[PDB]
Amino acid sequence: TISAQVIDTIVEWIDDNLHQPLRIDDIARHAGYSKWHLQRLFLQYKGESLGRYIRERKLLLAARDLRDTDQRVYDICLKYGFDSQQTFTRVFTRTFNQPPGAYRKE
Amino acid sequence: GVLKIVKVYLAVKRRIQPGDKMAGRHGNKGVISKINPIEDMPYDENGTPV
Amino acid sequence: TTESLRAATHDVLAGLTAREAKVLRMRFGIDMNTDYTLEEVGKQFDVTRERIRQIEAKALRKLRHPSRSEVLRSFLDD
Amino acid sequence: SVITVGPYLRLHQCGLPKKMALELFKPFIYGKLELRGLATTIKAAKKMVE
Amino acid sequence: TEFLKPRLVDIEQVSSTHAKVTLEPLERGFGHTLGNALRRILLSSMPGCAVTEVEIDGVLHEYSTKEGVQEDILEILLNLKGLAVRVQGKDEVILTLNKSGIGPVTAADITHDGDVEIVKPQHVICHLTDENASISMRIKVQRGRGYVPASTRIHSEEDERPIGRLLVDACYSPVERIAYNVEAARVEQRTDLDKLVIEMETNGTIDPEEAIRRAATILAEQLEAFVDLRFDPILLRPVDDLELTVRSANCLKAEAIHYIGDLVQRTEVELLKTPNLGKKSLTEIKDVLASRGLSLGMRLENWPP
Amino acid sequence: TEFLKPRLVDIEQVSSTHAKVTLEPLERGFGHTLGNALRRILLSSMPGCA
């Protein structure tokens, strides 16, 4: 029990939320937690910044949609959180060091 | 100009129902008015209902 | 069937945002004579063609929402 | 259609089979289906009637 | 004025399955009506199980032929139409046919059962001219009354049966010939009264006493109409026994709040701002209030149990 | 055995000496039989003083 069961709610919010980005103001409101409700969790249970963890989660979620043989490549990053194509391209290039088409063909 | 022809020859029972013309040999032409149950029909004394 | 479909599409476009419906009508040609392309819609509205693409994609993603596609799923066969 | 022999009604009323309105009243069926909203669209209402 | 007259003793089974049952006591003016009513109910309200669903191996449809059979499929079905089966234990049974050789295949060749009884063994069904091929089928006998046509049973069946299962018209009328005659009975005092000789010809399906009893039961059941016929408990649950989260039941009972009424009297967006609860509790509050027909700031009708 | 059970609906009383009674529909052959039984009981063996 950390801050009255915030771990059991963060995962549910991440799984049920839409492609809306997750920031301090967005998440803290109806999350049941303060900025400090989440800082201690991100420091202890995860030990990683939010901008990197959210990007990794989006990449792991899109790894299946890229294999689902979808022709609308521009909408894949949009349906999962990336509001722009260039941001998703840079994130994928810095993470996997591979072009988007090279991983989409696989 | 015809490649293939598939004939089905669908068979149907088409049981008796009200709306069919019936007659005899003398010419008493008519039509099946209704199908009343055997209970609502006249009957003889012993064994032969109408 | 086509009249009901076009009426439903017009109602959906009227229920959505103004500029989104305008871009969707200028791209596909709903209640419009000419069907403009990406560069034409751009030169008419905004020189940045990528913004028009983003607007069209967002409109499509909002149209694919189940709460708003429950009335359009019936026209899947047509 | 064919005639039938039976009053089964009053003077200003006649008896019709389900089908006649099965094929003629379908526009009114679709109209009053869109009225109450028991069907989604007309194309689905046609299949529901079928 | 009043009369009961315990009656209806009958053992008449002379020379056939045709009973001569005398109906009594009958009052002057009730003979014809009573006889007509009894005939009506014995012809309409008598259920009987017979051939309803059959499947023959190596047969595609009922409009085909079979090698080694002198008759046709339609003739076999018409012959099976007049076959009665006595079932006592259950209501749906499955019988099998297994007979080889040359000769008339009758109802005596069907595999009998402990509860399945055949009326007559000499009921001619079909004929086999060659002993090389035999006839085998499975008959599904179900219990029912009245009459069910094929056009209705083909539509009532929601599942599509495999190819080979033939559709059989199931007749549920065991009584065909029946009549009643009103004669004067020998009475000790009131020589005015009479007997009702009721004759019936059943195919060994329903006994006369059982048939009369079932007819009287149906008549009483359809007559008794003129004789006889002329708060949400989950809302009163406390905040602890409402099946909610842990933090939603422990923090509320620490601010002088112990009932749903004190929670609904105060404003939600003004009370949830206290740094003791969470923002997710709004979902449970909505599921409790808006899902049971409750508004914001309303007053309960009867909050105490 | 699932025969339908009737249910009295309309007992309309036009006057103190007239009544229109509507009994729910049943299987065929039952309504006429019940009406015949009722009229026979009321007009053949009805007890009364005169």
# chains A, B, ... in the order shown; residues from 1 in each chain; ligands from 1
>>> closest_atom_pairs(of="chain E", to="chain B", cutoff="9 Å", atoms="only C-alpha atoms", output="Markdown table")
| residue | atom | partner | partner_atom | distance |
| --- | --- | --- | --- | --- |
| E:39 | CA | B:39 | CA | 7.9 |
| E:40 | CA | B:39 | CA | 5.9 |
| E:43 | CA | B:39 | CA | 6.8 |
| E:44 | CA | B:39 | CA | 7.6 |
| E:63 | CA | B:11 | CA | 8.4 |
| E:177 | CA | B:47 | CA | 6.0 |
| E:178 | CA | B:47 | CA | 6.7 |
| E:179 | CA | B:46 | CA | 5.8 |
| E:180 | CA | B:46 | CA | 7.9 |
| E:181 | CA | B:45 | CA | 8.0 |
| E:199 | CA | B:46 | CA | 8.3 |
>>> write_last_selection(atoms="N, CA and C atoms", output="PDB file, in the first residue's frame")
ATOM      1  N   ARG E  39     -67.214 -35.826 -26.508  1.00  0.00           N
ATOM      2  CA  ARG E  39     -66.635 -36.156 -27.807  1.00  0.00           C
ATOM      3  C   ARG E  39     -65.621 -35.101 -28.236  1.00  0.00           C
ATOM      4  N   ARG E  40     -65.960 -33.824 -28.046  1.00  0.00           N
ATOM      5  CA  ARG E  40     -65.059 -32.731 -28.397  1.00  0.00           C
ATOM      6  C   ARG E  40     -63.731 -32.852 -27.659  1.00  0.00           C
ATOM      7  N   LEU E  43     -61.654 -35.893 -28.688  1.00  0.00           N
ATOM      8  CA  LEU E  43     -61.062 -35.781 -30.014  1.00  0.00           C
ATOM      9  C   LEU E  43     -60.018 -34.675 -30.107  1.00  0.00           C
ATOM     10  N   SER E  44     -60.055 -33.690 -29.213  1.00  0.00           N
ATOM     11  CA  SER E  44     -59.153 -32.545 -29.285  1.00  0.00           C
ATOM     12  C   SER E  44     -58.094 -32.521 -28.195  1.00  0.00           C
ATOM     13  N   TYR E  63     -37.535 -38.136 -51.701  1.00  0.00           N
ATOM     14  CA  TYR E  63     -37.954 -38.265 -53.093  1.00  0.00           C
ATOM     15  C   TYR E  63     -36.938 -39.063 -53.905  1.00  0.00           C
ATOM     16  N   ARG E 177     -62.532 -42.741 -34.506  1.00  0.00           N
ATOM     17  CA  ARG E 177     -63.953 -43.058 -34.517  1.00  0.00           C
ATOM     18  C   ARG E 177     -64.512 -42.984 -33.104  1.00  0.00           C
ATOM     19  N   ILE E 178     -65.599 -42.226 -32.943  1.00  0.00           N
ATOM     20  CA  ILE E 178     -66.235 -42.035 -31.645  1.00  0.00           C
ATOM     21  C   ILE E 178     -67.673 -41.590 -31.871  1.00  0.00           C
ATOM     22  N   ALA E 179     -68.563 -42.045 -30.992  1.00  0.00           N
ATOM     23  CA  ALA E 179     -69.979 -41.704 -31.060  1.00  0.00           C
ATOM     24  C   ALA E 179     -70.572 -41.861 -29.665  1.00  0.00           C
ATOM     25  N   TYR E 180     -71.748 -41.267 -29.473  1.00  0.00           N
ATOM     26  CA  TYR E 180     -72.456 -41.336 -28.204  1.00  0.00           C
ATOM     27  C   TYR E 180     -73.952 -41.429 -28.464  1.00  0.00           C
ATOM     28  N   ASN E 181     -74.627 -42.274 -27.688  1.00  0.00           N
ATOM     29  CA  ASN E 181     -76.063 -42.481 -27.808  1.00  0.00           C
ATOM     30  C   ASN E 181     -76.710 -42.372 -26.436  1.00  0.00           C
ATOM     31  N   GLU E 199     -69.142 -44.943 -27.469  1.00  0.00           N
ATOM     32  CA  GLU E 199     -68.310 -45.898 -28.185  1.00  0.00           C
ATOM     33  C   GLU E 199     -67.131 -45.164 -28.808  1.00  0.00           C
TER      34      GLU E 199
END
>>> select_by_dssp(residues="chain F", states="strand (DSSP E or B)", output="list in words")
residues 8, 9, 10, 11, 12, 13, 14, 15, 18, 19, 20, 21, 22 and 23 of chain F
>>> write_last_selection(atoms="N, CA, C and O atoms", output="PDB file, in the first residue's frame")
ATOM      1  N   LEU F   8     -60.528 -13.528 -17.985  1.00  0.00           N
ATOM      2  CA  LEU F   8     -61.636 -12.611 -18.215  1.00  0.00           C
ATOM      3  C   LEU F   8     -61.124 -11.179 -18.318  1.00  0.00           C
ATOM      4  O   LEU F   8     -60.296 -10.745 -17.511  1.00  0.00           O
ATOM      5  N   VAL F   9     -61.621 -10.442 -19.312  1.00  0.00           N
ATOM      6  CA  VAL F   9     -61.134  -9.091 -19.574  1.00  0.00           C
ATOM      7  C   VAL F   9     -62.268  -8.080 -19.461  1.00  0.00           C
ATOM      8  O   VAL F   9     -62.229  -7.183 -18.612  1.00  0.00           O
ATOM      9  N   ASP F  10     -63.282  -8.213 -20.312  1.00  0.00           N
ATOM     10  CA  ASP F  10     -64.371  -7.246 -20.397  1.00  0.00           C
ATOM     11  C   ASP F  10     -65.654  -7.874 -19.869  1.00  0.00           C
ATOM     12  O   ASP F  10     -66.058  -8.950 -20.323  1.00  0.00           O
ATOM     13  N   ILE F  11     -66.288  -7.193 -18.916  1.00  0.00           N
ATOM     14  CA  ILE F  11     -67.536  -7.632 -18.300  1.00  0.00           C
ATOM     15  C   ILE F  11     -68.583  -6.549 -18.524  1.00  0.00           C
ATOM     16  O   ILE F  11     -69.411  -6.281 -17.645  1.00  0.00           O
ATOM     17  N   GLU F  12     -68.531  -5.907 -19.693  1.00  0.00           N
ATOM     18  CA  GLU F  12     -69.257  -4.668 -19.952  1.00  0.00           C
ATOM     19  C   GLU F  12     -70.727  -4.775 -19.562  1.00  0.00           C
ATOM     20  O   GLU F  12     -71.428  -5.700 -19.975  1.00  0.00           O
ATOM     21  N   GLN F  13     -71.181  -3.821 -18.756  1.00  0.00           N
ATOM     22  CA  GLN F  13     -72.557  -3.776 -18.265  1.00  0.00           C
ATOM     23  C   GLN F  13     -73.262  -2.610 -18.950  1.00  0.00           C
ATOM     24  O   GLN F  13     -73.171  -1.465 -18.497  1.00  0.00           O
ATOM     25  N   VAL F  14     -73.962  -2.904 -20.044  1.00  0.00           N
ATOM     26  CA  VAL F  14     -74.699  -1.868 -20.761  1.00  0.00           C
ATOM     27  C   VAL F  14     -75.898  -1.403 -19.944  1.00  0.00           C
ATOM     28  O   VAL F  14     -76.158  -0.201 -19.821  1.00  0.00           O
ATOM     29  N   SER F  15     -76.642  -2.347 -19.374  1.00  0.00           N
ATOM     30  CA  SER F  15     -77.788  -2.034 -18.534  1.00  0.00           C
ATOM     31  C   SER F  15     -77.861  -3.067 -17.418  1.00  0.00           C
ATOM     32  O   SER F  15     -77.064  -4.006 -17.361  1.00  0.00           O
ATOM     33  N   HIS F  18     -78.526  -6.528 -19.143  1.00  0.00           N
ATOM     34  CA  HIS F  18     -77.747  -6.956 -20.299  1.00  0.00           C
ATOM     35  C   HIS F  18     -76.267  -6.867 -19.962  1.00  0.00           C
ATOM     36  O   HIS F  18     -75.853  -5.972 -19.218  1.00  0.00           O
ATOM     37  N   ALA F  19     -75.477  -7.790 -20.508  1.00  0.00           N
ATOM     38  CA  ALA F  19     -74.051  -7.847 -20.229  1.00  0.00           C
ATOM     39  C   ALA F  19     -73.302  -8.451 -21.408  1.00  0.00           C
ATOM     40  O   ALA F  19     -73.707  -9.482 -21.954  1.00  0.00           O
ATOM     41  N   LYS F  20     -72.204  -7.805 -21.789  1.00  0.00           N
ATOM     42  CA  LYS F  20     -71.301  -8.309 -22.812  1.00  0.00           C
ATOM     43  C   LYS F  20     -70.016  -8.789 -22.150  1.00  0.00           C
ATOM     44  O   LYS F  20     -69.238  -7.980 -21.630  1.00  0.00           O
ATOM     45  N   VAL F  21     -69.802 -10.101 -22.165  1.00  0.00           N
ATOM     46  CA  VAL F  21     -68.671 -10.733 -21.491  1.00  0.00           C
ATOM     47  C   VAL F  21     -67.721 -11.267 -22.553  1.00  0.00           C
ATOM     48  O   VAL F  21     -68.132 -12.031 -23.434  1.00  0.00           O
ATOM     49  N   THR F  22     -66.453 -10.872 -22.467  1.00  0.00           N
ATOM     50  CA  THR F  22     -65.428 -11.311 -23.408  1.00  0.00           C
ATOM     51  C   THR F  22     -64.460 -12.237 -22.687  1.00  0.00           C
ATOM     52  O   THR F  22     -63.759 -11.811 -21.763  1.00  0.00           O
ATOM     53  N   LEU F  23     -64.424 -13.497 -23.111  1.00  0.00           N
ATOM     54  CA  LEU F  23     -63.514 -14.497 -22.573  1.00  0.00           C
ATOM     55  C   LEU F  23     -62.375 -14.701 -23.564  1.00  0.00           C
ATOM     56  O   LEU F  23     -62.612 -14.801 -24.774  1.00  0.00           O
TER      57      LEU F  23
END
>>> select_by_dssp(residues="chain C", states="helix (DSSP H, G or I)", output="ChimeraX atom specification")
/C:2-15,18-28,38-45,49-63,66-69,73-75
>>> write_last_selection(atoms="C-alpha atoms", output="CSV table (one decimal), in the first residue's frame")
chain,number,residue,atom,x,y,z
C,2,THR,CA,-28.4,6.7,-50.9
C,3,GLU,CA,-30.6,9.6,-49.7
C,4,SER,CA,-30.6,8.2,-46.2
C,5,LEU,CA,-26.8,7.7,-46.3
C,6,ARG,CA,-26.1,11.2,-47.5
C,7,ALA,CA,-28.6,12.7,-45.0
C,8,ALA,CA,-26.8,10.7,-42.2
C,9,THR,CA,-23.4,11.9,-43.4
C,10,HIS,CA,-24.6,15.5,-43.5
C,11,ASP,CA,-26.0,15.2,-40.0
C,12,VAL,CA,-22.7,13.7,-38.7
C,13,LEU,CA,-20.7,16.5,-40.4
C,14,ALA,CA,-23.0,19.1,-38.9
C,15,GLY,CA,-22.6,17.5,-35.4
C,18,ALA,CA,-16.9,23.3,-38.4
C,19,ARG,CA,-13.4,23.2,-40.0
C,20,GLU,CA,-13.3,19.4,-39.8
C,21,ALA,CA,-16.5,19.1,-41.7
C,22,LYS,CA,-15.4,21.8,-44.2
C,23,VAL,CA,-12.1,19.9,-44.9
C,24,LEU,CA,-14.0,16.6,-45.2
C,25,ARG,CA,-16.4,18.2,-47.7
C,26,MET,CA,-13.6,19.8,-49.7
C,27,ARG,CA,-11.6,16.6,-49.9
C,28,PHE,CA,-14.3,14.0,-50.7
C,38,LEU,CA,-4.5,17.9,-50.9
C,39,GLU,CA,-2.6,20.8,-52.5
C,40,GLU,CA,-5.8,22.5,-53.6
C,41,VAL,CA,-7.4,22.4,-50.2
C,42,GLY,CA,-4.1,23.6,-48.8
C,43,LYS,CA,-3.8,26.6,-51.2
C,44,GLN,CA,-7.4,27.4,-50.3
C,45,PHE,CA,-7.1,27.1,-46.5
C,49,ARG,CA,-0.2,20.7,-46.5
C,50,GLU,CA,0.9,18.6,-43.5
C,51,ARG,CA,-1.7,20.4,-41.3
C,52,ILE,CA,-4.4,19.5,-43.7
C,53,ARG,CA,-3.3,15.9,-43.6
C,54,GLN,CA,-3.3,15.9,-39.8
C,55,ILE,CA,-6.8,17.4,-39.8
C,56,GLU,CA,-8.1,14.8,-42.2
C,57,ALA,CA,-6.6,12.0,-40.2
C,58,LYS,CA,-8.0,13.4,-37.0
C,59,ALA,CA,-11.4,13.6,-38.6
C,60,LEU,CA,-11.2,10.0,-39.8
C,61,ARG,CA,-10.1,8.8,-36.4
C,62,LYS,CA,-13.0,10.7,-34.7
C,63,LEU,CA,-15.4,9.2,-37.3
C,66,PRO,CA,-17.7,3.4,-31.9
C,67,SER,CA,-20.1,5.8,-30.2
C,68,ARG,CA,-20.4,7.7,-33.5
C,69,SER,CA,-20.0,4.7,-35.8
C,73,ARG,CA,-22.1,0.4,-39.2
C,74,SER,CA,-25.5,-0.4,-40.7
C,75,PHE,CA,-24.3,0.8,-44.1
>>> residues_around(residues="residue 32 of chain F", least_positions_apart="4", cutoff="10 Å", atoms="only C-alpha atoms", output="count of residues only")
6
>>> residues_around(residues="residue 27 of chain D", least_positions_apart="3", cutoff="12 Å", atoms="only C-alpha atoms", output="list in words")
residues 21, 22, 23, 24, 30, 31, 32, 33, 34, 42, 43, 45, 46 and 49 of chain D
>>> atom_distance(atom1="atom CA of residue 302 of chain E", atom2="atom CA of residue 288 of chain E")
16.7 Å
>>> closest_atom_pairs(of="chain E", to="chain A", cutoff="8 Å", atoms="only C-alpha atoms", output="tab-separated table")
residue	atom	partner	partner_atom	distance
E:247	CA	A:4	CA	6.9
E:277	CA	A:32	CA	7.7
E:278	CA	A:32	CA	4.3
E:279	CA	A:30	CA	4.6
E:280	CA	A:30	CA	5.9
>>> closest_residue(among="E:236, E:94, E:41, E:85", to="residue 27 of chain F", atoms="only C-alpha atoms")
E:41
>>> interface_residues(of="chain A", to="chain C", cutoff="10 Å", atoms="only C-alpha atoms", output="short mmCIF file (atom, residue, chain, number, x, y, z; two decimals) with N, CA, C and O atoms, in the first residue's frame")
data_model
loop_
_atom_site.label_atom_id
_atom_site.label_comp_id
_atom_site.auth_asym_id
_atom_site.auth_seq_id
_atom_site.Cartn_x
_atom_site.Cartn_y
_atom_site.Cartn_z
N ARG A 72 -2.34 2.36 -43.47
CA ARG A 72 -2.35 3.75 -43.01
C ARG A 72 -1.28 3.90 -41.93
O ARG A 72 -1.54 3.85 -40.72
N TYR A 74 0.47 6.57 -41.31
CA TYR A 74 0.39 7.88 -40.66
C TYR A 74 -0.56 7.89 -39.47
O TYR A 74 -0.38 8.70 -38.56
N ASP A 75 -1.55 7.00 -39.46
CA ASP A 75 -2.51 6.94 -38.37
C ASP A 75 -2.09 6.01 -37.24
O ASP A 75 -2.69 6.05 -36.16
N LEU A 78 -0.72 8.06 -34.49
CA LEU A 78 -1.76 8.95 -33.97
C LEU A 78 -2.75 8.22 -33.09
O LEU A 78 -3.21 8.78 -32.08
N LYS A 79 -3.10 6.98 -33.44
CA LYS A 79 -4.05 6.21 -32.63
C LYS A 79 -3.46 5.74 -31.31
O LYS A 79 -4.20 5.22 -30.47
N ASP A 83 1.18 12.65 -31.47
CA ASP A 83 0.36 13.61 -32.19
C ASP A 83 0.97 14.02 -33.52
O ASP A 83 0.28 14.61 -34.35
N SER A 84 2.25 13.72 -33.75
CA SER A 84 2.93 14.06 -34.99
C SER A 84 3.74 12.88 -35.47
O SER A 84 4.19 12.04 -34.68
N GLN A 85 3.94 12.81 -36.79
CA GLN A 85 4.70 11.72 -37.38
C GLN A 85 6.19 11.88 -37.10
O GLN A 85 6.90 10.89 -36.91
#
>>> residues_around(residues="residue 89 of chain A", least_positions_apart="4", cutoff="10 Å", atoms="only C-alpha atoms", output="PyMOL selection string")
chain A and resi 77+82+84-85+93-95+98-100
>>> residues_around(residues="residue 103 of chain E", least_positions_apart="6", cutoff="9 Å", atoms="only C-alpha atoms", output="PDB file with N, CA, C and O atoms, in the first residue's frame")
ATOM      1  N   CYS E 126     -42.980 -52.403 -44.836  1.00  0.00           N
ATOM      2  CA  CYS E 126     -42.337 -52.430 -46.146  1.00  0.00           C
ATOM      3  C   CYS E 126     -42.140 -53.884 -46.560  1.00  0.00           C
ATOM      4  O   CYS E 126     -42.542 -54.811 -45.848  1.00  0.00           O
ATOM      5  N   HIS E 127     -41.508 -54.088 -47.714  1.00  0.00           N
ATOM      6  CA  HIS E 127     -41.208 -55.423 -48.211  1.00  0.00           C
ATOM      7  C   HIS E 127     -39.809 -55.435 -48.805  1.00  0.00           C
ATOM      8  O   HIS E 127     -39.413 -54.491 -49.496  1.00  0.00           O
ATOM      9  N   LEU E 128     -39.063 -56.503 -48.534  1.00  0.00           N
ATOM     10  CA  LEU E 128     -37.721 -56.686 -49.066  1.00  0.00           C
ATOM     11  C   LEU E 128     -37.712 -57.887 -50.001  1.00  0.00           C
ATOM     12  O   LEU E 128     -38.135 -58.982 -49.616  1.00  0.00           O
ATOM     13  N   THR E 129     -37.229 -57.678 -51.225  1.00  0.00           N
ATOM     14  CA  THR E 129     -37.177 -58.729 -52.232  1.00  0.00           C
ATOM     15  C   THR E 129     -35.819 -59.412 -52.320  1.00  0.00           C
ATOM     16  O   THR E 129     -35.728 -60.497 -52.903  1.00  0.00           O
ATOM     17  N   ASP E 130     -34.770 -58.809 -51.765  1.00  0.00           N
ATOM     18  CA  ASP E 130     -33.431 -59.377 -51.797  1.00  0.00           C
ATOM     19  C   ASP E 130     -32.840 -59.357 -50.395  1.00  0.00           C
ATOM     20  O   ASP E 130     -33.004 -58.381 -49.657  1.00  0.00           O
ATOM     21  N   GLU E 131     -32.155 -60.439 -50.035  1.00  0.00           N
ATOM     22  CA  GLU E 131     -31.532 -60.569 -48.726  1.00  0.00           C
ATOM     23  C   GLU E 131     -30.128 -59.981 -48.674  1.00  0.00           C
ATOM     24  O   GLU E 131     -29.496 -60.020 -47.614  1.00  0.00           O
TER      25      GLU E 131
END
>>> residues_around(residues="residue 17 of chain A", least_positions_apart="5", cutoff="12 Å", atoms="only C-alpha atoms", output="ChimeraX atom specification")
/A:9-12,22,26-27,31,79-81
>>> write_last_selection(atoms="N, CA, C and O atoms", output="PDB file, in the first residue's frame")
ATOM      1  N   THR A   9      -4.240   1.568  -9.764  1.00  0.00           N
ATOM      2  CA  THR A   9      -5.042   2.469 -10.580  1.00  0.00           C
ATOM      3  C   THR A   9      -4.290   3.047 -11.767  1.00  0.00           C
ATOM      4  O   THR A   9      -4.912   3.328 -12.794  1.00  0.00           O
ATOM      5  N   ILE A  10      -2.972   3.232 -11.653  1.00  0.00           N
ATOM      6  CA  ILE A  10      -2.201   3.787 -12.763  1.00  0.00           C
ATOM      7  C   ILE A  10      -2.232   2.845 -13.960  1.00  0.00           C
ATOM      8  O   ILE A  10      -2.399   3.279 -15.107  1.00  0.00           O
ATOM      9  N   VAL A  11      -2.079   1.541 -13.715  1.00  0.00           N
ATOM     10  CA  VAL A  11      -2.099   0.571 -14.806  1.00  0.00           C
ATOM     11  C   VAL A  11      -3.467   0.550 -15.476  1.00  0.00           C
ATOM     12  O   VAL A  11      -3.572   0.488 -16.708  1.00  0.00           O
ATOM     13  N   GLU A  12      -4.536   0.613 -14.678  1.00  0.00           N
ATOM     14  CA  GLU A  12      -5.881   0.627 -15.244  1.00  0.00           C
ATOM     15  C   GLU A  12      -6.117   1.883 -16.072  1.00  0.00           C
ATOM     16  O   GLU A  12      -6.721   1.820 -17.151  1.00  0.00           O
ATOM     17  N   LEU A  22       0.015  11.851 -21.535  1.00  0.00           N
ATOM     18  CA  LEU A  22       0.012  11.809 -20.077  1.00  0.00           C
ATOM     19  C   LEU A  22       1.058  12.780 -19.546  1.00  0.00           C
ATOM     20  O   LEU A  22       2.259  12.581 -19.755  1.00  0.00           O
ATOM     21  N   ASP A  26      -2.493  16.485 -16.596  1.00  0.00           N
ATOM     22  CA  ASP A  26      -3.465  15.538 -17.132  1.00  0.00           C
ATOM     23  C   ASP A  26      -3.755  14.423 -16.133  1.00  0.00           C
ATOM     24  O   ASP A  26      -4.917  14.140 -15.820  1.00  0.00           O
ATOM     25  N   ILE A  27      -2.694  13.701 -15.785  1.00  0.00           N
ATOM     26  CA  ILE A  27      -2.736  12.545 -14.887  1.00  0.00           C
ATOM     27  C   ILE A  27      -3.100  12.727 -13.411  1.00  0.00           C
ATOM     28  O   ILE A  27      -3.846  11.924 -12.852  1.00  0.00           O
ATOM     29  N   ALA A  31      -6.706  10.993 -10.865  1.00  0.00           N
ATOM     30  CA  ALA A  31      -5.847   9.827 -10.692  1.00  0.00           C
ATOM     31  C   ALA A  31      -5.862   9.368  -9.234  1.00  0.00           C
ATOM     32  O   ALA A  31      -5.378   8.285  -8.902  1.00  0.00           O
ATOM     33  N   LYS A  79      -3.104   6.977 -33.435  1.00  0.00           N
ATOM     34  CA  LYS A  79      -4.046   6.208 -32.630  1.00  0.00           C
ATOM     35  C   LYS A  79      -3.457   5.742 -31.306  1.00  0.00           C
ATOM     36  O   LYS A  79      -4.201   5.216 -30.472  1.00  0.00           O
ATOM     37  N   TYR A  80      -2.153   5.919 -31.089  1.00  0.00           N
ATOM     38  CA  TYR A  80      -1.503   5.439 -29.878  1.00  0.00           C
ATOM     39  C   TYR A  80      -0.904   6.544 -29.018  1.00  0.00           C
ATOM     40  O   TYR A  80      -0.403   6.248 -27.928  1.00  0.00           O
ATOM     41  N   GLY A  81      -0.939   7.795 -29.466  1.00  0.00           N
ATOM     42  CA  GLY A  81      -0.492   8.890 -28.626  1.00  0.00           C
ATOM     43  C   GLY A  81       0.375   9.928 -29.309  1.00  0.00           C
ATOM     44  O   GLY A  81       0.312  11.111 -28.963  1.00  0.00           O
TER      45      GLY A  81
END
>>> atom_distance(atom1="atom CA of residue 99 of chain E", atom2="atom CA of residue 66 of chain E")
15.3 Å
>>> closest_atom_pairs(of="segment 133-237 of chain E", to="segment 249-268 of chain E", cutoff="12 Å", atoms="only C-alpha atoms", output="JSON lines")
{"residue": "E:234", "atom": "CA", "partner": "E:260", "partner_atom": "CA", "distance": 11.4}
{"residue": "E:235", "atom": "CA", "partner": "E:260", "partner_atom": "CA", "distance": 8.2}
{"residue": "E:236", "atom": "CA", "partner": "E:260", "partner_atom": "CA", "distance": 7.8}
{"residue": "E:237", "atom": "CA", "partner": "E:260", "partner_atom": "CA", "distance": 8.1}
>>> atom_distance(atom1="atom CA of residue 1 of chain E", atom2="atom CA of residue 216 of chain E")
22.7 Å
>>> closest_residue(among="D:44, D:5, D:16, D:11", to="chain C", atoms="only C-alpha atoms")
D:44
>>> closest_residue(among="E:54, E:185, E:281, E:32", to="residue 246 of chain E", atoms="only C-alpha atoms")
E:281
